[PDB]
Amino acid sequence: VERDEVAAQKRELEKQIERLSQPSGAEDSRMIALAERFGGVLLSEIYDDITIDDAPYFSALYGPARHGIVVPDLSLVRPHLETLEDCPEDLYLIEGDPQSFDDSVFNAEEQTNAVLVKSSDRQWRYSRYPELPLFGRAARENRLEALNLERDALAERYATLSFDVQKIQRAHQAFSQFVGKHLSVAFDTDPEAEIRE
Amino acid sequence: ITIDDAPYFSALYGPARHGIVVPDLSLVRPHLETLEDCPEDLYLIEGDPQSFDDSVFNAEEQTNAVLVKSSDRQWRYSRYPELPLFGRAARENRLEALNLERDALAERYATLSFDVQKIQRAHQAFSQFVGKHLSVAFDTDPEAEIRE
Amino acid sequence: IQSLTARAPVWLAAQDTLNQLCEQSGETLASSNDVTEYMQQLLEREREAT
Amino acid sequence: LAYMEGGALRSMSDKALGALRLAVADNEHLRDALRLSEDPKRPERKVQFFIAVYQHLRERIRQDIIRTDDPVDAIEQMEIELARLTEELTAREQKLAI
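Note that the protein sequences, when read in sequence, are chains Y, Z, W and D. Counting in the working numbering, the first sequence runs from -18 upward without gaps. Counting in the working numbering, the second sequence runs from 15 upward without gaps. Counting in the working numbering, the third sequence runs from 8 upward without gaps. Counting in the working numbering, the fourth sequence runs from 16 upward without gaps.
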């Protein structure tokens, strides 16, 4: 039961690790495909290496617009716009140079671990600092490594428990053999004294 | 809002669908620094809550979708969602359908739990049995011998 | 006869318990090893169902 | 029980009857059959009582959701029902709270 529990936990860890598809921690491949279909680059891909300190700030500032494609044209979209059905429902597109993407336009005011942006007329948006921000990923490989360490510890514990179960089974089979072949005379006295008498 | 206009309005309003209408936006200004326990992206809109006038948008309706210019050099393209946030009258019907769905999940889970229980009970009975029973298990019948 | 009689009730109770236990199952058991395997299938079914 | 004297059999029968008294306190037909069964000059009554038990246990199977004619095999189905009802109670509680 305990080795099966460790196996279930390792299954959970394995599911999580597989959920770290690419590059280290899954990123929406559909959005990458869209950035390929429209001349531009993924916004996170542009900021994927930005500093860890400002990465939560950038994520808070961008909000849902965090995931976007830097298409300086906006002209490939409008004809293909009606042609987009697989794209994320609230698809975000920005106009900027992928090589040097200018800072996005926000009327941003920085609050303690938060931001307020005048998103549009009669629309003020308040956001907080997230963790593991879309920007400044740096591949966050150490999270993947910690998950792998946990999975490996679970696998090792499962291996030890499986070995223990095997030993217990071996002992059981030995006992079953004994009781199947020596149970009848088990623990009984010596017949030699009686023979001598 | 109707089930038909619900998707259109949901797409039009985007992540702001769930926003709260506050005609001032100055009541939240002092409290803003205090807000550490709130959704990562809180939305607020300015207008009369009772008779709010539709938020002005750089909207552009497209086949089963709506493009919008959120800010300079920024567009959000909201595809017509299905079973949207707005129009929360039949959405209650959908969560009822969710209850109907989860009914079968609960039934299956109950069957699985009962099976687990039955197996555990059988195992425990066998363990107890062997504890009391192996000594004479599968041994010969004394009755026939005694008759003989 | 007396030795067999003394042995009898234990054997009979054992037989009856085993008959009940096996009949409760779809299978009829014939050996300690057979019981051990049935236990293994029980564990497998348990770890599956869980 | 073939290898035990009548005295122990009587004692254990008496104890079983004492237990049965409390068990069937509620029922009236089973109680009446039990009350009849104890005459030593009408042994078949006891057998009849047993039949009356199984028979009775069968009608109250509530076969609407249970099928096993043998009550002994219906324990599993009752357990299933208890588990399902516990789940349903949780759901009802949540619904009422909201």
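Beta carbons: idealized from backbone N, C-alpha and C, even for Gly.
- Under the three-pair Cβ rule at 8 Å, the region 96 to 114 of chain Y counts as touching the region 48 to 57 of chain Z.
- Less than 9 Å divides the Cβ of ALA21/W from the Cβ of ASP153/Z.
- With fewer than three CB-CB distances shorter than 8 Å, the region 23 to 35 of chain W does not count as touching the region 41 to 49 of chain D.
- Per DSSP, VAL144/Z is one residue of the alpha helix (DSSP H) stretching across 104 to 147.
- Taking every protein chain shown into account, the CB of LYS(-4)/Y has fewer than 16 other CB atoms within 10 angstroms, so this residue is exposed.
- Using beta-carbon distances, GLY77/Y does not count as an interface residue toward chain W, since no partner is under 9 Å.
- When C-beta distances to chain W are compared with 8 Å, the residues of the region 128 to 139 of chain Z below that value are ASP129, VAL130, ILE133, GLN134, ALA136, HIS137, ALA139, in chain order.
- In terms of beta-carbon proximity, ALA89/D stays away from the interface with chain W, with every pair separated by 9 Å or more.
- Annotation for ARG47/Y: no alpha helix (DSSP H) segment contains it, and DSSP assigns it neither H nor E.
- Around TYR91/Z, the beta-carbon contacts reaching into chain Y at under 8 Å are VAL58, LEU62, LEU65, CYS68, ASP71, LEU72, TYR73, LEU74.
- Note that the C-beta distance between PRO37/Z and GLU60/Z is below 9 Å.
- At least one beta carbon of chain W lies nearer than 9 Å to the beta carbon of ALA151/Z.
- With contacts defined as CB atoms closer than 9 Å, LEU42/Y and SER81/Y fail to qualify as a contacting pair.
- In the three-state scheme derived from DSSP, where H, G and I count as helix and E and B as strand, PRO4/Y is classed as strand.
- In the DSSP annotation of this structure, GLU74/D is not part of any beta strand (DSSP E); the continuous alpha helix (DSSP H) holding it starts and ends at 58 to 74.
- Under the Cβ criterion (8 Å, minimum of three pairs), the region 16 to 30 of chain Y does not count as touching the region 48 to 68 of chain D.
- By the 16-neighbour rule on beta-carbons within 10 angstroms, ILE31/Y is buried.
- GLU47/Z carries a helical assignment under DSSP once its states are collapsed to helix, strand and coil.
- With the criterion set as a beta carbon lying under 7 Å from some beta carbon of chain Y, the region 15 to 38 of chain W has no members that meet it.
- Its chain contains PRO98, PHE100, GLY101 as the residues whose beta carbon lies nearer than 7 Å to that of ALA20/Z, once the 5 sequence neighbours on both sides are disregarded; these appear in chain order.
- Cβ-Cβ distances below 7 Å link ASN72/Z to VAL82, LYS83 in the same chain, with the five nearest sequence neighbours on each side left out; the list follows chain order.
- DSSP places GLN92/Y inside the beta strand (DSSP E), whose first and last residues are 89 to 92.
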